[PDB]
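Here is my input; please provide its structure:
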Amino acid sequence: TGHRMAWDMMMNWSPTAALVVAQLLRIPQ
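Numbers count the residues shown, from 1 in each chain. Structure data below:
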């Protein structure tokens, strides 16, 4: 689903830290 910036949001390239940042601090705090 999604599309519309999937191309640089949903693509799992190698988000090595980003999947971590997702758990750490995916909010402005």
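
what about the helices in this protein?
18-24 (DSSP state H).

for residue 8, what are its contacts?
Taking CB atoms under 8 Å, 6 or more residues apart in numbering, we find residue 8 in contact with no residue. (Each C-beta comes from the backbone N, C-alpha and C, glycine too.)

Quickly note the distance from it to residue 15.
11 Å (CB to CB, to the nearest Å).

same deal with residue 25?
14 Å.

ok, residue 9 - contacts?
residue 2.

For it, what are phi and psi?
Backbone torsions of residue 9, given as degrees, to the nearest 10, read phi -160, psi -50.

Residue numbering should commence at 42 henceforth.
Will do, 42 is the new start, and the previous item becomes residue 50.

quick one: it and residue 63, what's the gap?
As for residue 50, its distance to residue 63 is 12 Å (criterion: CB to CB).

what touches both of those two?
With CB under 8 Å, 6+ apart, residue 50 and residue 63 have no common neighbours.
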